[PDB]
Every structure is written in C-alpha cells, then in structure tokens.
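Working notes, structure below.
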Amino acid sequence: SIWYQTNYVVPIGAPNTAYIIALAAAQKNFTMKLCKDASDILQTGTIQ
Amino acid sequence: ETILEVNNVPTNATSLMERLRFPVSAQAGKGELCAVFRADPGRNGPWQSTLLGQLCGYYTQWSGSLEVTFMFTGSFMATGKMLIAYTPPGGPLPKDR
Amino acid sequence: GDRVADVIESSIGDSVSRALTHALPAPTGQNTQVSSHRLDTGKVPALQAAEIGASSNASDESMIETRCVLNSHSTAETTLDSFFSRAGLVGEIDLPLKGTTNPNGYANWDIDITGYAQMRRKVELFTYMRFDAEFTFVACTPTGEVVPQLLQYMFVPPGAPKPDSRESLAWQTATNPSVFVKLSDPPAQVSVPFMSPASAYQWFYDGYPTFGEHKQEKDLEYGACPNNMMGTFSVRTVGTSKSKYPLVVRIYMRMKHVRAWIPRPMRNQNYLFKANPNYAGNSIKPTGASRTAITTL
Amino acid sequence: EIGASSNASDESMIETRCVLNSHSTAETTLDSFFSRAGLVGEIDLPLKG
Amino acid sequence: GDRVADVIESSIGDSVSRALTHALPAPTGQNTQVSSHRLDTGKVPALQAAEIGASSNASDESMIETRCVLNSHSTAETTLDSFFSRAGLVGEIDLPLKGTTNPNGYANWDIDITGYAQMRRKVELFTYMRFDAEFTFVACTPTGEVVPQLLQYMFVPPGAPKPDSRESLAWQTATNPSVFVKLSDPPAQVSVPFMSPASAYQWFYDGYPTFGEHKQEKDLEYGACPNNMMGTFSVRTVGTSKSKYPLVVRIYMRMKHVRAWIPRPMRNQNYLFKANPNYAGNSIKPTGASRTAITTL
Amino acid sequence: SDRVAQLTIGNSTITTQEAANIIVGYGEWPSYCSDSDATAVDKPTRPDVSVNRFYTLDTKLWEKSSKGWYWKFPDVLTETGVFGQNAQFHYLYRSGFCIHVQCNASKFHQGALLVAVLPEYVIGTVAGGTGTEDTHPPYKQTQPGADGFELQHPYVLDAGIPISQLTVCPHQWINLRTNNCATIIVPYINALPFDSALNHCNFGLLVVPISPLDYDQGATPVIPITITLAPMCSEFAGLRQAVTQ
Amino acid sequence: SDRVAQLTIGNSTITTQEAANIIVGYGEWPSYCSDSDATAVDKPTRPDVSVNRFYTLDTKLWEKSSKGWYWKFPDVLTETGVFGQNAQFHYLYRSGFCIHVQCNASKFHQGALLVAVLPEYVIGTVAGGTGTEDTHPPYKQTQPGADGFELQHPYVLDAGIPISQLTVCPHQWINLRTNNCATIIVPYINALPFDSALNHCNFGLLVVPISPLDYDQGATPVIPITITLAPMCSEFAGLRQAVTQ
Ligand SMILES: C[C@H](CCOc1ccc(I)cc1)CCN1CCN(c2ccncc2)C1=O
Ligand SMILES: C[C@H](CCOc1ccc(I)cc1)CCN1CCN(c2ccncc2)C1=O
C-alpha cells in the first residue's frame, strides 16, 4: 500500500498532478521450480 | 525490471497506456491512501504486465524476495514524502496509514 | 558488542537440538543370553512404573532362566521402503461412451490417494512422509479387454490450464509432461519426485489454509493443506472424434526412498470421505473381536 | 533513468537474519525450459475429403 | 550456547555507552593566535548552517587579523561548587506568642527550598542535581533581638512521628538527629548528606507518583516525586510552659560537592507556587527590556 | 529423588512432591531454528523471559463420569500475556512447550488419567450418525481456545482412531495412588521451520480418564485438574498489525 | 554527502535527500543498562526488532498562524505495536529514541520550525490568569498521547521558561529553504536505571515555528508535519498483567 507521508507540494507555475512509474523484478535469492505450461494460450482458432 | 501496471483499471484501447502509470497530487494532509496491490507475483493483477510475472507462469513454485522501484516523473519543483508499506500474510488491507 | 552478564551467558539462539537417543545398528533380532536363579533384595526388574511413560525394560533373561540363543532373524523386511514400496491402487478413472460421468472422451483426476482404504490406512500410520514414487497406469475396457486405442496422460500442475475437452489447446503440452501410449502396450510407468513446497507431505493438518473468520460455509476447508495438493492428472483418447470403446484407467503407486515422522494410532473405523477422518457415529465398532466373558476364551 | 535495475538488497533495507539458501537454479536453464516435446504440426490424410 | 549467526553478531546487551565528546582541561581562557589576510576559495569559516543544531565554529582568528594574546584569565569561579556553594535563605519558621500560625511553641517545616526565588532560580537551571549540604540556623526575635531562650531542632525523616506539640514524646529523639542550642549561641550549623533513594534530586518530574486514574481532584500530585521529599524539620522552645518571647528561625543552605545534569532554560516569569511552574497568564512579560524601534537604541 | 521436582522458567516456579519423572517427546529438546532450515529472511524476535514462562490457563473437574478433554497448541495461548501479543502481531511463530498437568487427591481416592500429546490432531465429526452427511467440525471445536473441549467419543478420539494406541505418542499417566502430575516437554513439530500460531495447531493435549475416578461417601468429591504450560525457545517473525484470526 | 541519508532499524527504512546532519543528544548513544547501575534483579526482556523500529504516529498541519506542539515520550507509544504491549505488561522500562520530524514544501515556500527535546518537561497552567488560583494541568494535557498537544503560550513553553533558550537542549531546525527534516537521537535520561513508561515521561518533543510559514496565493497551502520515531535498546522488567495506566 502507498500512502502520503507529507504531501505533494508544488509552487505557483507547476502541475498539481504528476505520475509515478513502477518497475518490478526479483532479488538474487529468487528461484523457480516444477516447470508447467502458462495459464494463457494465445490462439482462438487455428493459426493460418 | 519491467513496468508494473499498478493502475490496471482502464480497458478501452485508447487508454491502455494509462495502466503504465498512477498519479499523485496535492492532498489535504490526512495521510490519505494513494494506491494498493497484492505482492503475489504469479497472481492475476498488476504483476501480469512484468516479464517476471509472465516467466513465473511457466513454473509451479517460486521462492525469493521481490523488489519494486518507483520513479517519480513530476516536475523538478515538486516535492513530497510517501510511505510505501508491505503487509505480510494475515494482515488485512490497512484501513489507515 | 555484548557486555551485561545475562546476555553473554544466555542460550538464546542455540540451533543444536540436543538429542537424548541415538540409533544403533540392528540387522538381526537380539540374542538371548544364559541366565540363572537370582534371589536378591533391592533388585527388581519385574517391577515397573508405567506412569513414567516408558515401556518396560524387563527382559527374558531377568524373568526366567534362559539358555543361549543366537538369533539371526533379519529385520530387513520391516524398514520403511520394504513396507511401502509395493504398488497399490490409488485411483480409477472412467471414460465411458454413453454415460453420466465422462462421456466426452477425457477426464480430470485430482491427485489424491485417499480414496482407497488399503493404501490410505498404511500411510496414515505416520503424520509426515517424504518420498519419491513410481506410477503405473493400467488401461483396458470394462471387461478387461485390450483394444487398439491411443491415449494421452498429462500432468497439470497447480496453475496450469486444465483441459476442458478432448480437443482442448492444453493438450499441446509444450511444457507439462505428457505420456502417449496404446492400450495394447504394457502399462505406462514413470518416476515422480517429491514435489511439495514443504519438507514433507502430511496426511493430517490441524488447521485452516487461510486467515479470517471460519464460519459454517467455510468449514469444508478445515484440514486442507495446499502443500499436499500436487495438481491434476488428465487423460483423453487421442482424436477429434469420440472413441469407439469405453475405457477404464487404474492408477497404481509405489513409493520409494521413503522417510516418515511422528507415528499415530491406526484407523479402526471405516473411512467415509477422502478429505477427513469423519466416521459413522451410529456405528462405532470396537477395534476388534469380542467375547462373552473375561474369564472364558 | 540510468537504465539499470535497482541494486538495493534485502540486507540494506531491513534487519535480516542469516539464511543458507540451497534452492536450485537448475530447472530454469534453457535446456530445462525448452527440452519438452510439444505439438508443432498436424497432418491430415482423409479418405473422402 | 548460541549458534544462529544473528544472535552471535547482535549488539543486544552493550552496556558501554559510546560517547562522542570528552572533557579537556581548561583552567584559563583560550589564547588568541596571530593571523593574516586570507583570500581563498573553498574556505569559508564565516558561513554556517544553524539548522544542523550546533553552534558556530568560526573563531576570531578566521574572521579578522588578530595579534597574539596570552590569556591567563581563570575559569575557576564558574565551576558548579563555586556557583552554588554560597549560603542562601531557603526557609523561615515563625514561633509567635499570640498568633494564628504557631502559638503553641513548636513548628513543623516541610523540607522544600522552592519557597525563595533567588535560590530556586539558580538550581532550576539544571534538571538533576546530586550534592551534600551545610545548613545554618539563624534565630532571634522579630526585631532581630537575642534572648536567653533554648531551642531544639529535630530532623524527622519520612515515617518518623512528627511532633504534634511542644510536649510530644517524639522530642525524646532517641534515633532522629536533634540539635539543642541557645539563641545567644552562634548560629547552629551541620552537614547533611545526599539522602535521596534516587541517584540525584530532580527539580522537574514530568509524571505522576502513582498508578491509576488521574482525575481532577488528584492533579495536585502531577509533578510530585517522593525522591525529593526528604522529611520534616521540627523546632520547639525547650519547656513544658510557653516561651516568654516570640521567635523567628531563618534557614540557610550552602551546597557542596555538587554535580548537575541536563541544563534547562532559566525562569523568566515570576514564581507563584513551590510545587509547580505555574505562571500568571494575564501577566506574561517579555524576558527583558524593550524599545520603540528595531533601528533605534 | 525422581518423585520430587522443581521447574523454574521465566519468573515462574513449579513444585511437586509426587512426580513420575519427565518425558522429553521424541527424544529431543526444543531448539531455535537453525540458519540452514530457516527460509524467512527477516531477523526474528526472541522475547525470551517475557513469553517463555509458565501460564496456568484452565481447570476442569474430574468426575466419576468424565469422558476426557483436549486443548490445541498454540491455540490455548494466542490470547494470553506477552506470548499472545507476539503471536498476534507476527505472521510467523515457532516454539516448544513444557506441559505440567496437575491433579492431586488423597491416599484413599483412585483413578488414572492418560496425558498425551498428539501432533496434527485433526478432529472429525460423526457424519450425521449414518455416515451419509459430510459434516465438519466448527471453529469452536477445532480451536477450542483455553477452555478446551470435551471428547464426544473418547474410544476413537473423535477422529476414528483407537485411544488404546495413543501411548505411541509422548505421554504420562496420572495414577492417583502414584503421582499427582504429568510433565511433558515438546519440541517444535511441523514440516516447516515456522508457521502461523493462528491458522495451524501443531499438536493437541489430551487428558482422558482410562480408569474411572472413585472414592467413598465422605471424601472430598471435588477433584480438579489444572493445566499449566510454558512456551520454550519462542521465535517470531513477519511483523505487522495485530490479528486475532 | 551530509544532505542525503537513510535510517534503517527493524523492518523500517527512512530516506531523505535534504537533511542537515544528525544530532546525538548530550553526546552519547543509547545503551542497555549495565549490571552495576541496575538494581532490579529479574532478567530483563529485550524484544529487539519487534519494538525498536520506526513508528509513524501523527501528522499536524503547519499554518501561517500555528503556535507549536509537543508530545511526551514514551507516552506517545504506550498504545502502539509490540512496544506498547511490553510497556503495559511490564512495570519497568528503559530505552532511547531516534526522532525524525518530517516537513517538505517547495523552493518557493519559507519558514523555520525549531525541533527540540526537553527532558522532564513539566507543564504549568496560567494560574487562573491573575495567578491566584493554583490550577493544575489535566492528565490529557500532561500525557496528550499520540495526538500531541498545542502550546497555549509558546514564548514561555507553557511552563514559565523562555523558548529563546530552548536551544540549550538537543535540537535541529527545519528551515524550508535548507532541509525537510530533523533527526535527533536520544539516550535514556533519568536519575534511575529503569522507570514506568506509564507514570513518567522522560522528555518532551517540541516542534514550534519560530519563523512563520509563508507563500503566495497559488502554491500548495497544505504543508504537513509528520512525526516518526524509533525506540532504541528497549529493555523491560517486572512482568505481570497489562495495565494502561
Ligand atoms: C504422490 C502423490 C503425487 C503424485 O504426483 C504425480 C504427478 C505426476 C504424475 I504423471 C503422477 C503423479 C501425492 C500423494 N499425496 C501427498 C499427500 N496427499 C494428501 C492427500 C489427502 N490429504 C492429505 C495429503 C496425497 O494424496
Ligand atoms: C537539601 C534538602 C534536604 C535537606 O535535608 C535536611 C535534613 C536534615 C536537616 I537538620 C536539614 C536538612 C533537599 C532540597 N530538595 C531536594 C529536591 N527538592 C525539591 C523540592 C521541590 N521540588 C522538587 C525537588 C528539594 O527541595
């Protein structure tokens, strides 16, 4: 969860709204196991 | 790192690029809530936009710490302090800061 | 740094679990040693105090005059692998033509071996078990006849798409393991590893899988531990058209490389459901045969 | 903006204990991922068609 | 024993309080060294950042061209003992003949020195103080006359019976310390040790002396710390009959062997009560003199 | 010399002059989780004395017709003292236990209680009597809290298993003519290094009279049975707000 | 290099890119009580990470006319997280504190807050105005809890002493054109080794605007001030039932 600790303060002349971009990934202690097919299958009918 | 679609609400084609970023703006100083999302990487939701989330779908089990880096794209003159929290299992959606 | 005495001398953090007993080699039954009459005071092997919680330490030698007996009887057939490494039925999957169950030429079976008493009672002697396994699939028609039909078995791990039909895209099986075999071939057979996220599977879990209120409608989840749910086993006739023959698939499991912890009392009431130890209250029967009087055979 | 992923680790963001991680990375190698037979073609040879 | 790494390497228990500053000897004021013009970039002693919370480090030498000055001025008169070891009035006890106060020839005085501004303001510069003291008792009639009257002063520690009259049995003083002296003798004088149960007396205690609800009628106890209440000082004329003369006893205290901790701002509003820092709200005056304009003297 | 005993841990001390030794379950003492078995990365909190002490939670009355009772651990303590708080504020928990069941009578009373510890004590229902209804035990029966719960059918331990074989678990007997208490020390038992003190009960404590209590008219008829227990080597992790369930 | 900073303790981390160094009160770091200064004999409990972490308790709004506020320690935390529980269950308590007052604005705003720590901050009353009534401050004013309390007469710190000399106490200033936070570390201050966290407040935190907040119409007018604090080297003793006061 993300909360406002203080407040987005800006002076006269600058936008009252700005955006944040989130970038995620895994740490170096991350591993995976038990290979399986993905939940999605990107095909409806036959691919011609 | 890949872009996490925290703001996964818009669905019409013309507004899809808006999922890539969420906003912040001048508030009323009441420690208001900005956004929330589950940290589950292999679960439907924001994580599905990341390469981690997709690769994750090819494996039944995972283990490890995750990391999310937030980049503020406001103007240089804009300032602010945010509280980003991670609530381990059992803790319900925090009602307040 | 640590300066106050109570901190320096504390045992907070000791990861070495002190053990009071150690395993010794016992390939054969213990021998019997010679013994003679003993008319002593102070010595009293026959007298015990069961309250303590330990079994009697009294031996043959101390209760009667014994001879010497060199016991060479082996203890090998009572090891865990010897006991469990015997293939037994743990699943049956029906693929009928005209039916109420699977009249679509495919079937999904939740991997749970608790639907069969013989096997179930054996494993439930232990609380935790870690092991690998060898699965064998015996297929034929309901009369036990063998027909030229090709089948596909596929392992669908939790999170992978479960086929919804005989023609599902999921049968492309690009990542899931699949086995293609004919009913005419010998039984298919494969080795399966220990796949739980836990250090061991457990036949008993006294708790709930999630947090929150546990109201009536959610009591179906008491005792459900995801760590035991390994996924789905799917089977289909390999064709876009319905098979000409009704089929039956019997699934046999043979554990190997077994380890078990915490023994428990053995089931003495008939099983009713896979998911729990529920028993029929109106039919609580004694563990065994009964007689008319304690003073008569 | 630099283009690199965060270098921040668990140890530097919170007080951590020692954990000896023995989890294998073997099942995520290229061969482990791709060396699984999958359908890539279907050829029909019907009688009347 | 301790085995897990986080326990072995923890600092939980360090009783050695790391100090960032150490006291140096300073018997005299610092000397001034010679200095010359400096026309540098990067160097900037005059510029400070008060926000940090520290005082300026800029010195005379770095702000102007100075000569050499050997400063031999002493710092001795500003030590704690030099400042406090000066006897001052801390109590007055009246023993009138015909009166409304103590017309019985005896009086009980609660040992509290906060009834006198001069002394009080000095000690309140520090939060905690540990010291011994020398008490001097000056007695005479109200005109300052000396009369042949014998008196008895007695120290009644908390828990000892407070005399209830001039003839009380408590004046037997078998264990309490008492001083018998005539108004004609020089002032009585004795040494008192540091008697608190705490490592130091404290002129400010932000709390309550007991647990429980702290309702209106009990707010009289906010700030009351028993550790500062050393007992009662009792005085009487020595006789079963009333004295023929009215008396006044002035109590002077001179601290010695003083130690103080945590300096505080100094009182700037008139004192009103012994027990608290209450001030007159309708008369909040500036700390000092004022003027008409900031640009005029 | 094996009959007398004192158990001191934390700020609590227990005494007994009619004991029957001490049982250390499965032959091993409670120990903190090693750095190799552990998986969670955050530094744990090990309160020590404030939580590893003797708590006396409940007292039942033994009667000529009592059936027996059971308590679940750590369910019984989740709402008591500093241990409870730590169990609520933290997601992860692990610890051992020292259980001391008390019950004294006179040299003229008789009876025998079996005191045992059964790991993963899953409870079952009578399935509607005929065994056709797939009923399930309610939260108040699976996690009875400190009041424990009374066995409906002791012979099968309300779980379809013979109580006659319960002795295969760490246990002691309280035979009135012999002792007035049982003492069992239990290490952490689970297939995981830490778990939720709320959602998972590692084991259950069973106190069942196998030999019925008896005495003649005129002897004190009120024979209590008290349960005292102390956590051991308590470790907690995954901090956040308190949660009761 | 003195402007940037990260404070990590427990499972909490604070960052700032406009700091003004760190103040360590009276020149010394918090330390656990030594075996020679101690007097209580029971073994203490030192929770460590579960209690020594950053807690963000309150947010006030700085205005062109604000007078200033104060909070009492450890009063502010007695009802929060695991620290609160330990402070309630135990008679004795001692610890240090790391205080981080936050307040950011824009390069076009101006103002200066004085952030200080005053030990034994005893509060006084206006004595009925004329100074004849011997009034006393109510419990809600002496121990305001987490909401703190607003100064009635800042010039004299509601205690008859000049705020102009408050700088003689550990302090920092939050001058908007210079920094957006103050950081003060405070050791245990008392004439005793341990004390009640309930009946005695070791010190008070004062946040008073000396130079009034100002800005032109059009700039964000909502300038919050948030209080985050972390106990350090917390030690507790004299265990028993929980008590709120
Ligand atoms: C050995 C099986 C897993 C077999 O996995 C596969 C996987 C692929 C294939 I091809 C064949 C079998 C697990 C059996 N277990 C693990 C514990 N468990 C269980 C069932 C009901 N209640 C508790 C535990 C249970 O049924
Ligand atoms: C030096 C005195 C004790 C004098 O004790 C004796 C004892 C015997 C005799 I004969 C004379 C004097 C204590 C003074 N103090 C200690 C602190 N204190 C106090 C008063 C009001 N508010 C806080 C503290 C206060 O008034």
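Numbers for the structure displayed
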{"quantity": "Residue among B:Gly53, B:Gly31, B:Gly42 that alone is touching a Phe, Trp or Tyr at 6+ places or on another chain (Cβ under 7 Å) and at positive phi", "calculated": "B:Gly31"}
{"quantity": "E:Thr173 being buried (at least 17 other Cβ atoms within 10 Å of the Cβ) and within 17 Å of E:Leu150 (Cα to Cα)", "calculated": "yes"}
{"quantity": "Qualifying residue in the range C:220-231 (condition: in contact with a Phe, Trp or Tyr (Cβ under 9 Å, 6 or more places away or on another chain) and away from ligand 1 (no atom under 13 Å from the Cβ))", "calculated": "no"}
{"quantity": "Answer from C:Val238, C:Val248, C:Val258 - the residue that is at negative phi and in contact with a helix residue (DSSP H, G or I) (Cβ under 7 Å, 6 or more places away or on another chain)", "calculated": "C:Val258"}
{"quantity": "Failed item in (1) crowded, with 17+ Cβ neighbours inside 10 Å; (2) of a type in the set (S, T, N, Q); (3) away from ligand 1 (no atom under 11 Å from the Cβ), with C:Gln202 passing the rest", "calculated": "(3)"}
{"quantity": "Residues located in the range B:1-26, provided they are buried (at least 18 other Cβ atoms within 10 Å of the Cβ) and without any contact (Cβ under 8 Å) to a residue 40 or more places away in the chain", "calculated": "B:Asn7, B:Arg19, B:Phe22, B:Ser25, B:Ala26"}
{"quantity": "Residue satisfying all of: in the range F:121-149; closer than 28 Å to F:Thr228 by Cβ and of a type in the set (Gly, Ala, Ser); surrounded by the most Cβ atoms within 10 Å (Cβ to Cβ) among these", "calculated": "F:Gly148"}
{"quantity": "Strands (runs of 3 or more DSSP E) (entirely within chain B) containing at least 1 residues that are over 30 Å from D:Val19 (Cβ atoms)", "calculated": "B:22-25, B:33-35, B:66-72"}
{"quantity": "Identity of the residue in the range E:105-118, away from ligand 2 (no atom under 12 Å from the Cβ) and closer than 22 Å to E:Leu151 by Cβ, that ends up surrounded by the fewest Cβ atoms within 10 Å (Cβ to Cβ)", "calculated": "E:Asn108"}
{"quantity": "Every residue from the range C:205-248 that is of a type in the set (D, E, K, R) and either surrounded by fewer than 18 Cβ atoms within 10 Å (Cβ to Cβ) or within 16 Å of ligand 2 (Cβ to nearest atom) (or both)", "calculated": "C:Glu213, C:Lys215, C:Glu217, C:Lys218, C:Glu221, C:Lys242, C:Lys244"}
{"quantity": "Residue match in the range E:119-135 (condition: part of a strand (DSSP E or B), surrounded by fewer than 15 Cβ atoms within 10 Å (Cβ to Cβ) and away from ligand 2 (no atom under 14 Å from the Cβ))", "calculated": "no"}
{"quantity": "Test result for E:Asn102, away from chain C (no Cβ under 14 Å), within 16 Å of ligand 2 (Cβ to nearest atom) and buried (at least 16 other Cβ atoms within 10 Å of the Cβ)", "calculated": "no"}
{"quantity": "Filter result (polar (S, T, N, Q) and either free of Cβ contacts under 8 Å to residues at least 60 places away in the same chain or not in a strand (DSSP E or B) (or both)) within the range G:182-212", "calculated": "G:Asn190, G:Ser196, G:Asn199, G:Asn202"}
{"quantity": "Hits in the range E:186-219 - residues which are more than 9 Å from chain G (Cβ to nearest Cβ) and either under 19 Å from G:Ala197 (Cβ atoms) or among the hydrophobic types (A, V, I, L, M, F, W, C) (or both)", "calculated": "E:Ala188, E:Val190, E:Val192, E:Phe194, E:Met195"}
{"quantity": "Only listed residue being within 13 Å of ligand 2 (Cβ to nearest atom), over 24 Å from G:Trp71 (Cα atoms) and among the aliphatic types (A, V, I, L, M), chosen from E:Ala275, E:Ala200", "calculated": "E:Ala200"}
{"quantity": "Any hit, the range E:249-257, residues being in contact (Cβ under 8 Å) with a residue 40 or more places away in the chain, away from ligand 1 (no atom under 16 Å from the Cβ), surrounded by fewer than 18 Cβ atoms within 10 Å (Cβ to Cβ) and assigned to a loop (DSSP other than H, G, I, E, B)", "calculated": "no"}
{"quantity": "Output for the range G:1-52, where each listed residue is aliphatic (A, V, I, L, M) and in contact with a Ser or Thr (Cβ under 8 Å, 6 or more places away or on another chain)", "calculated": "G:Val4, G:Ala5, G:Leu7, G:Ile14, G:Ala19, G:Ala20, G:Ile22, G:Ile23, G:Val49, G:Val51"}
{"quantity": "Test set (1) within 16 Å of ligand 1 (Cβ to nearest atom); (2) in a loop (DSSP other than H, G, I, E, B); (3) farther than 29 Å from B:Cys56 by Cα - C:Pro142 fails condition number", "calculated": "(1)"}
{"quantity": "Test for C:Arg264: is it surrounded by 14 or more Cβ atoms within 10 Å (Cβ to Cβ), within 16 Å of ligand 1 (Cβ to nearest atom) and either among the hydroxyl-bearing types (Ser, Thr, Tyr) or more than 8 Å from chain F (Cβ to nearest Cβ) (or both)", "calculated": "no"}
{"quantity": "Residue list for the range E:147-170, restricted to those being surrounded by 13 or more Cβ atoms within 10 Å (Cβ to Cβ), away from ligand 2 (no atom under 16 Å from the Cβ) and part of a loop (DSSP other than H, G, I, E, B)", "calculated": "E:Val147, E:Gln149, E:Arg166, E:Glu167, E:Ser168"}
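Residues checked against (1) assigned to a loop (DSSP other than H, G, I, E, B); (2) at negative phi; (3) loosely packed, with under 10 Cβ neighbours inside 10 Å; (4) free of Cβ contacts under 8 Å to residues at least 12 places away in the same chain:
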site: D:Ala4; (1), (2), (3), (4): yes, yes, yes, yes
site: D:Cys18; (1), (2), (3), (4): yes, yes, no, yes
site: D:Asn21; (1), (2), (3), (4): yes, yes, no, yes
site: D:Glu27; (1), (2), (3), (4): no, yes, no, yes
site: D:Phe33; (1), (2), (3), (4): no, yes, no, yes
site: D:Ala37; (1), (2), (3), (4): yes, yes, no, yes
site: D:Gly41; (1), (2), (3), (4): yes, yes, yes, yes
site: D:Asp44; (1), (2), (3), (4): yes, yes, yes, yes
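Let's see how each residue does on (1) buried (at least 19 other Cβ atoms within 10 Å of the Cβ); (2) away from chain C (no Cβ under 12 Å); (3) out of contact with any strand residue (DSSP E or B) (no Cβ under 8 Å at 6 or more places or on another chain); (4) part of a helix (DSSP H, G or I):
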{"residue": "F:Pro30", "(1), (2), (3), (4)": "yes, no, no, no"}
{"residue": "F:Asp35", "(1), (2), (3), (4)": "no, no, yes, no"}
{"residue": "F:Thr39", "(1), (2), (3), (4)": "no, no, no, no"}
{"residue": "F:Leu57", "(1), (2), (3), (4)": "no, yes, no, no"}
{"residue": "F:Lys67", "(1), (2), (3), (4)": "no, yes, no, no"}
{"residue": "F:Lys72", "(1), (2), (3), (4)": "yes, no, no, no"}
{"residue": "F:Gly84", "(1), (2), (3), (4)": "yes, yes, yes, yes"}
{"residue": "F:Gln88", "(1), (2), (3), (4)": "yes, no, yes, yes"}
{"residue": "F:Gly96", "(1), (2), (3), (4)": "yes, no, no, no"}
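Here, each number is a calculation from the coordinates, and none is a lab measurement. Methodologically, a virtual Cβ is constructed for each residue, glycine included, from the backbone with ideal geometry; neighbour enumeration extends over all protein chains shown.
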